[PDB]
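Beneath this line is the structure, given in structure tokens, with notes to follow.
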Ligand SMILES: *[C@@H]1O[C@H](CO)[C@@H](O[C@@H]2O[C@H](CO)[C@@H](O[C@@H]3O[C@H](CO[C@H]4O[C@H](CO)[C@@H](O)[C@H](O[C@H]5O[C@H](CO)[C@@H](O)[C@H](O)[C@@H]5O)[C@@H]4O)[C@@H](O)[C@H](O[C@H]4O[C@H](CO)[C@@H](O)[C@H](O)[C@@H]4O[C@H]4O[C@H](CO)[C@@H](O)[C@H](O)[C@@H]4O[C@H]4O[C@H](CO)[C@@H](O)[C@H](O)[C@@H]4O)[C@@H]3O)[C@H](O)[C@H]2NC(C)=O)[C@H](O)[C@H]1NC(C)=O
Ligand SMILES: *[C@@H]1O[C@H](CO)[C@@H](O[C@@H]2O[C@H](CO)[C@@H](O[C@@H]3O[C@H](CO[C@H]4O[C@H](CO)[C@@H](O)[C@H](O[C@H]5O[C@H](CO)[C@@H](O)[C@H](O)[C@@H]5O)[C@@H]4O)[C@@H](O)[C@H](O[C@H]4O[C@H](CO)[C@@H](O)[C@H](O)[C@@H]4O[C@H]4O[C@H](CO)[C@@H](O)[C@H](O)[C@@H]4O[C@H]4O[C@H](CO)[C@@H](O)[C@H](O)[C@@H]4O)[C@@H]3O)[C@H](O)[C@H]2NC(C)=O)[C@H](O)[C@H]1NC(C)=O
Ligand SMILES: *[C@@H]1O[C@H](CO)[C@@H](O[C@@H]2O[C@H](CO)[C@@H](O[C@@H]3O[C@H](CO[C@H]4O[C@H](CO)[C@@H](O)[C@H](O[C@H]5O[C@H](CO)[C@@H](O)[C@H](O)[C@@H]5O)[C@@H]4O)[C@@H](O)[C@H](O[C@H]4O[C@H](CO)[C@@H](O)[C@H](O)[C@@H]4O[C@H]4O[C@H](CO)[C@@H](O)[C@H](O)[C@@H]4O[C@H]4O[C@H](CO)[C@@H](O)[C@H](O)[C@@H]4O)[C@@H]3O)[C@H](O)[C@H]2NC(C)=O)[C@H](O)[C@H]1NC(C)=O
Ligand SMILES: *[C@@H]1O[C@H](CO)[C@@H](O[C@@H]2O[C@H](CO)[C@@H](O[C@@H]3O[C@H](CO[C@H]4O[C@H](CO)[C@@H](O)[C@H](O[C@H]5O[C@H](CO)[C@@H](O)[C@H](O)[C@@H]5O)[C@@H]4O)[C@@H](O)[C@H](O[C@H]4O[C@H](CO)[C@@H](O)[C@H](O)[C@@H]4O[C@H]4O[C@H](CO)[C@@H](O)[C@H](O)[C@@H]4O[C@H]4O[C@H](CO)[C@@H](O)[C@H](O)[C@@H]4O)[C@@H]3O)[C@H](O)[C@H]2NC(C)=O)[C@H](O)[C@H]1NC(C)=O
Ligand SMILES: *[C@@H]1O[C@H](CO)[C@@H](O[C@@H]2O[C@H](CO)[C@@H](O)[C@H](O)[C@H]2NC(C)=O)[C@H](O)[C@H]1NC(C)=O
Ligand SMILES: CC(=O)N[C@@H]1C[C@@H](F)[C@](F)(C(=O)O)O[C@H]1[C@H](O)[C@H](O)CO
Ligand SMILES: CC(=O)N[C@@H]1C[C@@H](F)[C@](F)(C(=O)O)O[C@H]1[C@H](O)[C@H](O)CO
Ligand SMILES: CC(=O)N[C@@H]1C[C@@H](F)[C@](F)(C(=O)O)O[C@H]1[C@H](O)[C@H](O)CO
Ligand SMILES: CC(=O)N[C@@H]1C[C@@H](F)[C@](F)(C(=O)O)O[C@H]1[C@H](O)[C@H](O)CO
Ligand SMILES: [Ca+2]
Ligand SMILES: [Ca+2]
Ligand SMILES: [Ca+2]
Ligand SMILES: [Ca+2]
């Protein structure tokens, strides 16, 4: 009925509780589960759902062979009920393509999918399940977007896109949509040197995005957006607790306005919540590969270049595979504050598990608690040997 | 609540963006996907869906053997959610038969299915999911209809049927339905010599249908219907850009009131949008078989017998299989103009791929953009070898 | 909102058009289709659905072995969308048991299922999907009911039950329910000597049921019920066109008040519409087995002991298997008259096809047309050899 | 719209009629049925559903190997339509974990799931399908709850939890929730010495729970809760008809305020309805293992230490496997009294049937009748040999 406004602050995050888990690869060993990757979670006013990019085959299907590849004509943004797996029979297609974002503005949902060949890709912006706007590639090098939910305020839903090199300067733009129409766009500003795969959340009329500098940085770039003024800025997380992957060992002092060097041309989508002393960072446990996952409480990470952990929680053990991670919240929940949430993609199959010819994932997701809760670890749980 | 009226003109068509794609044959390699053919797309006021004729077996089922055949007691018009595949578990049966059409009038949906033996077929006209009217064969030779959506204006939904020879004169009728009841019917008039499988769209209170002259023409016949007066006329597309299949090579000058000769007794369902300079024609790329698919901008194709392409877009490469194609639009979208859409049926299996014993298809669909978007090609994507 | 009243007469029946067909055995060869028997069709105010008794296993499942048996703890009344097959994933359980009926009163639905051992069976009467009333066996010999829909008038839904011998006198009762509560019951009256499996329809505030005299009659008993007075009578169809199975050859003169002899202790559920000159009878084509199915127009069949066919329609060829048949109508359709409908159960597997270890069926259904439509035949269509 | 109040008494229980049965293990032999255990039934105002703890694999899936284990990261509370089986495609996840409860307060549903390692478990309390409250382990030894529905009165839904030893004193708490928030909690009081797995029902503004004393008692502890005062008491069922399993032979005189000795450190979840002369107890038929199931009418069982059976009903034969059992009622049914209902979990596979590597169950459920109905027995019905 009305556009949602970001009128609340974050709840105090004292730990993380289990929210959803689909066990998709376990279940899909003997049921019609679609192969996916690049999952996320997004809420409507009356339901929260899982989202991902399908590969247009089931996991036991012979067409699962080759699904390490990111971009084909067989991919689509799908959604399905929370903690169910993405099946052929329960998955709803939001739009067609191989990079996406989606968010609800309080009245209805906007979904964006990009498709095409590398040098001629286009975004289609859907609103109320109809296409409304299209945007052609501006740099002819894999036009691409967040791979997790966007955020709206009074109808304005900003979205970050990048077109251009993954290993050098690229052209990043912030589009401000309303009802699927372009109100404005701006080129990236501030000190972030490279942006991909922004993970965003909204509180007190400001949207914060934690992104991936694929080119040089092992610290994460941060974009902060004012959706009323339709302006933004950028920087890096100051903290020496480095949250990209792969990455060097953690130093004692980080960088606020430059990439922290030591690994080039690689990364992973990740997130954080940056809320002064209530600041929590996610990362892989391994510095070398996408294994394990942990949350660290790092007070003032955004602004304090010597900030270190005061608390933490293990989400996935370093002996289990992780993957992309991102933020979402239920903006329509009851109460006085928005409860921080996140997901972690649990990648299985190639390239790390190459006895199978496929790559897919399952999902785990948590939300914050004001209690100090006991921790478990949450692995995918499938046995690869069963698929041989 | 109210009957929809065709009050808008076409949006300007500068390119085509991806709308839906089901990847059904890929997915159906290892899931309970129904064998189909003769698909299309049709919108309700709150949802757009895929439609097709089921063959009453799954593709991996042993009853898929023999599904090259067009007309059996096991066929039905089914619908399913946009870009999902047609599964046993998500497909809704609209009516029983082996030729169909369907459209929503703004209040509810009319669906028409024809069944029976060749010499004794009948149409049943369903409205609000109940049968209302029946029409018996008038020429005793495969009574048959559009195989894509009809169009309504203020409750009046015209439909084109043909009964009689596929390779000689036949008896074509235009029925004007309202609430599933016959208001009137007329015998075909104008200069079209043979009509099958009309593909129709509505704008500014007129309905335009691009059809298949199976007998003689490689140019397509066009029927234009005034749904208020309940009258029509017919002609051929004047343009030397010929759009049937198979067909001769394109000449320099076409025919406005006669079939363009060079192939007899064969054809394929196709479509066009005929809107002066905003005119786009679809066709197979091959002159000999149903391979490839392209859209050509041919200004004034309907009326200019020397009109040639000023722009185009490849939809399916000539090294991939195509099939039937047809028009639809979302008459209930927001904005000032109706956005042209189309689908292409991607036929797999027999007769061209005869290592399998079945014939089925998947679907790809696009809508127009006012941008000049980059093009991809959109093949079915299944590997036949997997099915051996 | 209001209880439906039977205020209309039957439409004129000049032929029969296809209404629904599920092709369940064909589809179930390679999908999760439940084994059933004793199907029927019943309408709500906004939807019509297929109903049957599940056997609590899929057809390809190993538990399909033994499903020739009628009565087990694994059976349930299920419903599913019209012309879909009865799948594990789309079938809704109405109640538990091995004999049933169901009807909608205009406000909500009553469903009745009987379960138990032969000598200690009970009916549970569900209303608005909650159990309301229970009725214990009165004769300790397979309490049993219609196996097709009941009919309501101003909230009163009569139902016919039988308890006692299948091959001798039994105790038949007519229960008058309202909101799932017993208003009254009466013992069978009139001249019918044995009653099973009544097939009923409603018009002009009277309900007519055509039943099965399993003991002696090859003519069918008829019960006529006044749901306002809550009284009834019974007789047999007078016509020499005999409609049970198995049966003797047709004579020239039938019996109005006694069973027509020649076969004992056997029969099949069937139906008719008895409406003076607008009278149509269904029967198997074979006198010996459940093969084929036809509709015969037999003017005044109910009252004229020499009435013979003036018109007919083949539904299933005598070279294809049939089974139970029954009546239903869409009481909530638009227009001035109720359109007669029926289904035929197409039994496959045992005992006639004993290369498989199972018994199941599919469904075909038709409704009347005021046109004289061409006829097709409508077989199950599955190849038993595929299941070996 | 309004919170439900427990304003009715129990209906008179003269027998039990069949309510639901899913036949899940039979069906799951050849369909995508999830492995479960710890099932129950719970009603909303407009629907009643089956609930259980999934094991996050199908039964025919290779991940079914190991599902004898109770607590893993792959478990979730799921619900599905009454008498359907718990499939991958129709099951809705309520929350994540390995111990649960759920109930509807008349406005919306509260669901509670506990997860974590044995020494660090936490409960998350969901309301209106959103997490609201979290509760950390207080004794660091398998925090755990009812495994059947809770009950609400004017918004207050008490829930019994236990944390601590299964074979010695433990710390049991009664939490009083409203809208998912903690109003109050109390430590267990009265004479019950050990509490697990309470099975609860509501009548005349009091909630009665029949639980499992795993430590010493073969008589069942009873907790009675006043949800207005938010106080409770506890005792044991006085009757010498002992209802735990395993258990000693029945004596002539029971114990009201102490555990009845003879078996230690073991038990099974069970239930009763304690309503003076209208008192019925459920139990396994075997004293040694979870086989068979029966209901006994034991007047004044709660308060009369010599009460013996005056009537009974066999539910499952002693030659068939049983399991957990629990109470529920449809608080939103029509009429003057609440109809007592229960389910029995039918465990198949390990440990008793160790030719398979899995453990799962199906469900049977009954409700009371004021008739004296005939009895059947209701086994799971699957053949283990089919799974070899
Ligand atoms: C039941 O559940 C309980 C709740 O989950 C659980 O208690 C939790 O226990 C975990 C695990 O111990 C805690 O997480 C850690 O928290 C550390 C921070 O807390 C310490 O430091 C604070 C400041 O100096 C102290 O205040 C704090 O003391 C307080 O709390 C204590 C309880 O833990 C209590 O005893 C005290 O009385 C007091 O009240 C405490 O001392 C945090 O630092 C740690 O993370 C590091 O360690 C991990 C390995 O264990 C790494 O994976 C992680 O990345 C962090 O280390 C790395 O990064 C650092 C920053 O750069 C570097 O300095 C390190 O060298 C290290 O870097 C290497 O590794 C990196 C990752 O591979 C790499 O990238 C680098 O390159 C380099 O190679 C962890 O998060 C949690 O806070 C506890 N929570 C609560 C509420 O108590 C309890 O144990 C469970 N109970 C049972 C019985 O099982
Ligand atoms: C990123 O995506 C971009 C958007 O898709 C893409 O740009 C697009 O590129 C495609 C492919 O080149 C274009 O499609 C073609 O358009 C042709 C018409 O445009 C030409 O002619 C106009 C009039 O004279 C000119 O105005 C126009 O110039 C303008 O635009 C230029 C850009 O392309 C630009 O450089 C100029 O500066 C200027 O501004 C341009 O010259 C169209 O004619 C063509 O279709 C024919 O060719 C196809 C084969 O390629 C056939 O498949 C097709 O059927 C047509 O040829 C056949 O039919 C004709 C008519 O009868 C016959 O005359 C021909 O002989 C031929 O007939 C044979 O084949 C038939 C089919 O098999 C057969 O039936 C006959 O029997 C006979 O055998 C094609 O549609 C598109 O318009 C571009 N779009 C845009 C917006 O620019 C860009 O390339 C992509 N970028 C990258 C980096 O990959
Ligand atoms: C396109 O579709 C059209 C519509 O479906 C289709 O036309 C239809 O054609 C069918 C098949 O011919 C017709 O069905 C039959 O109708 C018979 C009754 O009609 C005749 O009798 C009337 C009265 O004397 C005449 O009025 C009537 O004449 C009129 O109509 C004619 C068109 O058919 C036309 O030419 C005339 O000008 C005139 O206007 C006509 O002569 C009906 O009797 C028949 O049923 C019997 O025969 C079946 C075998 O074919 C049996 O299966 C069936 O059970 C009936 O016979 C059995 O039972 C009788 C009664 O007891 C016995 O007397 C018989 O001996 C026989 O009994 C044996 O078999 C029993 C069953 O096994 C058994 O139990 C007994 O023991 C014993 O062993 C049939 O229903 C239909 O009416 C036509 N409909 C229309 C609108 O015209 C047209 O053919 C199709 N076109 C093409 C090109 O394919
Ligand atoms: C059609 O369906 C009808 C409805 O279901 C069905 O009739 C029902 O029949 C069943 C089975 O007979 C009845 O259930 C039993 O009811 C017994 C109680 O009723 C008796 O006792 C009363 C009081 O003294 C009498 O009033 C009553 O008489 C009345 O009713 C009669 C009809 O049955 C009628 O003939 C009379 O005229 C009169 O009107 C009647 O005599 C009940 O006691 C019994 O349960 C015990 O027995 C079971 C074994 O059969 C055990 O499994 C069960 O656990 C109970 O015994 C155990 O526990 C007792 C208590 O501690 C011990 O004293 C016993 O020794 C025994 O203990 C051993 O076993 C335990 C379990 O393994 C173990 O833990 C111990 O350690 C020890 O090892 C049973 O529930 C039912 O009430 C009938 N219902 C109705 C309405 O009539 C009819 O039969 C069906 N018809 C056909 C044709 O099939
Ligand atoms: C259950 O009892 C409560 C307490 O008496 C009822 O609560 C009142 O409901 C009315 C009407 O909806 C409100 O206007 C009052 O404010 C409520 N509270 C109190 C404390 O009186 C409630 O309606 C009852 N539930 C049902 C289904 O009748
Ligand atoms: C899932 C897994 O086994 N990850 C291991 C953890 C650890 F042993 C590690 F050394 C690490 O990176 O910390 O290697 C990982 C993994 O085997 C490699 O990094 C990549 O193969
Ligand atoms: C799908 C496909 O391979 N089509 C080819 C394209 C081309 F090579 C062509 F020569 C053509 O017709 O243009 O043959 C098609 C096809 O192999 C035949 O036409 C029919 O088999
Ligand atoms: C389905 C089928 O083949 N039915 C035949 C028809 C006919 F040949 C008939 F002789 C008949 O009864 O009319 O036998 C049936 C069937 O084979 C037997 O009656 C029973 O097996
Ligand atoms: C399902 C089953 O066969 N249960 C039997 C019943 C009975 F024979 C009994 F002796 C009993 O306990 O009463 O053993 C059960 C079962 O075999 C064992 O108790 C445990 O294996
Ligand atoms: Ca990086
Ligand atoms: Ca042609
Ligand atoms: Ca008989
Ligand atoms: Ca015990």
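For chain C, we keep the numbers from Swiss-Prot: what you see runs 83-470, in order.
Each Cβ is built from the backbone N, Cα and C atoms, and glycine gets one as well.
Per Swiss-Prot, N-linked glycosylation site is recorded for C:87, C:147, C:202, and the stated evidence type is experimental evidence. Summarising the annotation, Swiss-Prot assigns region 'Head of neuraminidase' to C:92-470 and lists sequence analysis as the type of evidence. Taken from Swiss-Prot, the feature disulfide bond covers C:93-C:419, C:125-C:130, C:177-C:195, C:185-C:232, C:234-C:239, C:280-C:293, C:282-C:291, C:320-C:338, C:423-C:449. Here Swiss-Prot flags C:119, C:153, C:278, C:279, C:294, C:372 as substrate binding site. Look at Swiss-Prot and you will find C:152 tagged as active site, proton donor/acceptor. For C:295, C:299, C:326, C:348, the entry in Swiss-Prot reads Ca(2+) binding site, with the evidence type experimental evidence. Swiss-Prot lists C:406 with the feature active site, nucleophile, giving sequence analysis as the kind of evidence.
Using a Cβ-Cβ cut-off of under 8 Å to chain D, the recorded positions C:93, C:147, C:153, C:202, C:295, C:326 reduce to C:202. Listed in sequence order, the recorded positions among C:125, C:299, C:326 whose CB lies under 6 angstroms from an atom of ligand 12 come out as C:299, C:326. In this set, none of the recorded positions among C:147, C:185, C:232, C:282, C:406, C:419 has a C-beta falling under 8 Å from a C-beta of chain B. Taking the disulfide-bonded residues C:125, C:239, C:280, C:291, C:423 in turn and counting surrounding C-beta atoms within 10 angstroms, the largest count is reached at C:280. Taking C:280, C:320, C:449 as the disulfide-bonded residues under consideration, the smallest Cα distance to residue C:125 (disulfide bond) is found for C:449. Using a 10 angstroms CA-CA radius around residue C:291 (disulfide bond), the binding-site residues that qualify from C:153, C:279, C:299, C:348 are C:279. The number of other CB atoms found within 10 A of the CB of residue C:93 (disulfide bond), across every protein chain shown, is 21.
The full span of the recorded substrate binding residues, C:119, C:153, C:278, C:279, C:294, C:372, taken as their largest Cα to Cα distance, is 21 Å. Listed in sequence order, C:327, C:350, C:366, C:403, C:404, C:405, C:429, C:434 are the same-chain residues at least 6 apart in sequence whose CB falls under 8 Å from the CB of residue C:372 (substrate binding site). The Ca(2+) site is defined by C:295, C:299, C:326, C:348, and by the 8 Å test on Cβ atoms against their centroid, the other residues of the chain that qualify are C:276, C:294, C:296, C:297, C:298, C:300, C:301, C:302, C:329, C:341, C:345, C:349. Under DSSP, residue C:177 (disulfide bond) is assigned to a strand (E or B) in the three-state scheme. Across the structure, residue C:234 (disulfide bond) and residue C:130 (disulfide bond) are spaced 16 Å apart at their Cα atoms. Residue C:278 (substrate binding site) is 19 Å away from residue C:202 (N-linked glycosylation site) when you measure Cα to Cα. Looking only at the recorded positions C:152, C:153, C:278, C:299, C:348, the one with its C-alpha closest to residue C:320 (disulfide bond) is C:299. The separation of residue C:348 (Ca(2+) binding site) from residue C:239 (disulfide bond), Cα to Cα, is 28 Å. Ranking the disulfide-bonded residues C:130, C:177, C:185, C:282 by other CB atoms within 10 A of the CB puts C:130 at the bottom. DSSP classifies residue C:119 (substrate binding site) as strand under the three-state reduction.
With a cut-off of 8 Å between CB atoms and residues at least 6 apart in sequence, the same chain places C:294, C:295, C:299, C:300, C:301, C:302, C:345, C:349, C:350, C:352, C:365 near residue C:326 (Ca(2+) binding site), listed in sequence order.
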